[PDB]
Amino acid sequence: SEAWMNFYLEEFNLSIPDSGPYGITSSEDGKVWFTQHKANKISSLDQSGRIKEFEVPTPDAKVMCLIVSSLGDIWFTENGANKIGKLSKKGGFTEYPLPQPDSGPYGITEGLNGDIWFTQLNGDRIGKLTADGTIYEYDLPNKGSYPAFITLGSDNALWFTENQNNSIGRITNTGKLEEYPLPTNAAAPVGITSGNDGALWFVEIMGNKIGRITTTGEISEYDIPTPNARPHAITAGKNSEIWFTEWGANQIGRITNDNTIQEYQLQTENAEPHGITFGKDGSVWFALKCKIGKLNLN
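Summary of conventions: residues on each chain are numbered from 1 in written sequence order, possibly unlike the entry numbering, and any residue without coordinates is omitted from what is shown. Water and hydrogen atoms were dropped before computing side-chain values, which therefore reflect all heavy atoms in the structure.

Asks: Where do I start with unusual backbone geometry in this structure?
Replies: Excluding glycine, residues mostly have negative phi values, and the peptide bonds linking residues are mostly trans. Residue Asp124 is not a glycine yet carries a positive backbone phi of 55°. A positive phi angle, close to 45°, is found at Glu272, a residue other than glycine. Relative to the helices and strands, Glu272 resides in the loop between β25 (261-265) and β26 (276-278). Type-normalised accessible area, obtained with a 1.4 Å probe on protein chains alone, sets the label of each residue: buried when under 20%, exposed when over 50%, and partly exposed for intermediate values. Its relative accessible area of 17% is what places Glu272 among the buried residues. Helix numbers and strand numbers start at the N terminus; a helix is a DSSP run of H or I with at least 4 residues, a strand a run of E with at least 2.

What follows is the structure in structure tokens.
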């Protein structure tokens, strides 16, 4: 029984045909949440297929990454408007303007004690937004680093990709920063996630590899079978498994328990998958160019 026989795809069409679905994440209540950067919405998709749209208060906000916090709030970056957004578990918005202009907030994740961490792609700095709404910032030593995705590592430090510095950054709550150069030149890391193995897993969009970096900084790589796949986002699945989107190949990738990569070919024309998440029931969800996609295994 080969893997290609053992999957099936579903799609969920959206209210308007060109809303820019980008980021996607999963909630513990079973809902999938996503950003729509052209429509300027945050939307949920529930277990019965019902969609609820929320209008981002700031126009032309270019909403990018999002997460569901441990309190059930939806936090997101307003890349175009220089703000962090919050949609409360109750359903009201709060927005937090950044202290320096044109920062380009991008990646977002929850840290400890309710702290919300984010990258500033054009700012070349990392931010922390605390319970009382104070923002603290930390400069990267190189300008044009382009810090992209960010995630909470198994060591409780914040790990992020530096797309153009070709490195993985690690920052602690004390502000102590370390950077780990990638072994592949101009690899251009984008997505990062924490694996169930306790390591950080990332994509190299130009390197055409999946990277793994331990919390002590040891890097290993996996060659993506399809050339020019342009991998974008990445998430842990069940056990040691890892799932990722191939924006350039219209494919979903998977590293299985036997440590080999399986690729799944999507049917949607111009699928161009970006964000990816793993549902509580083992569904693999992803943001396509114009709609939401779902992959299930048998």
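Asks: Would you explain the side chain of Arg125 in this entry?
Replies: Mapped onto the fold, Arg125 is located in strand β12 (residues 125-129). For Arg125, a relative accessible area of 8% gives the class buried. Identification of polar contacts relies on pairs of N or O atoms within 3.5 Å, with a donor-acceptor requirement for protein atoms, meaning one able to donate a hydrogen and the other able to accept it, and with residues adjacent in sequence counted only if both atoms are side-chain atoms. In terms of polar contacts, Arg125 uses its side chain to reach the side chain of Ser103, at 3.4 Å. Side-chain polar atoms of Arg125 contact the side chain of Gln120, separated by 2.9 Å. Two residues form a contact once any of their heavy atoms are found within 4.5 Å. Excluding its chain neighbours within four sequence positions, the residues that come into contact with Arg125 are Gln100, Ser103, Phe118, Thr119, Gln120, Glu137, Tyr138, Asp139, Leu140 and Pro147.

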